[PDB]
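Here's the structure, in C-alpha cells; my notes come after.
Derivation of every value follows stated rules applied to the coordinates shown; laboratory data play no part. Backbone-built Cβ (ideal geometry, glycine too); neighbour counts: all protein chains shown.
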Amino acid sequence: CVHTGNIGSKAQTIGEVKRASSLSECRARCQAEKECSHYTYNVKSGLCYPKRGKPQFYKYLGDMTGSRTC
Ligand SMILES: CC(=O)N[C@@H]1[C@@H](O[C@@H]2O[C@H](CO)[C@H](O)[C@H](O)[C@H]2O)[C@H](O)[C@@H](CO)O[C@H]1O
C-alpha cells in the first residue's frame, strides 16, 4: 500500500479540495467518499485530495498519496 512518499496524484478530485487536520483526517474523508479510491494528502499545505479514476503520479516533495485503506 502507498502512503508516505513524494508522489502526488494528478487526477481529478471528487469535490472541493479542503484541508485536513492530518493524514488520517484525509483518510477518514476518503472513507466517506465512495468514489475516493485514493487520497493525496499534501503535507506541504495540509490539503486533502479525495480523488477518483486513474492516478497520475508525479514527483513532488510534499504530496503523499494513500491507497485509501491500509
Ligand atoms: C502545489 C503544486 O503546484 N502542485 C502541482 C500539481 O497541482 C496540484 O497539486 C496538488 C497538490 O500538490 C494536487 O495534486 C492537485 O490535484 C494538483 O492539480 C500539478 O498537477 C503537478 C503536475 O506535475 O505539479 C505540482 O507541482
- line: Pairs returned, first residue in the stretch 42-58 that is touching a residue at least 12 places away in the same chain (Cβ under 8 Å) and on the phi < 0 side of the Ramachandran plot, second residue that is more than 8 Å from the ligand (Cβ to nearest atom) and of a type in the set (S, T, N, Q), beta-carbon separation under 6 angstrom, 6 or more apart or interchain, are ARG52/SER37
query: Counting just the residues of the stretch 6-19 that are in contact with an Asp or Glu (Cβ under 8 Å, 6 or more places away or on another chain) and in contact (Cβ under 8 Å) with a residue 40 or more places away in the chain, which one comes out farthest from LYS34 (Cα to Cα)?
result: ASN6
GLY66 being of a type outside the set (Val, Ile, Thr), closer than 14 Å to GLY5 by Cα and in contact with a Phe, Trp or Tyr (Cβ under 9 Å, 6 or more places away or on another chain): yes
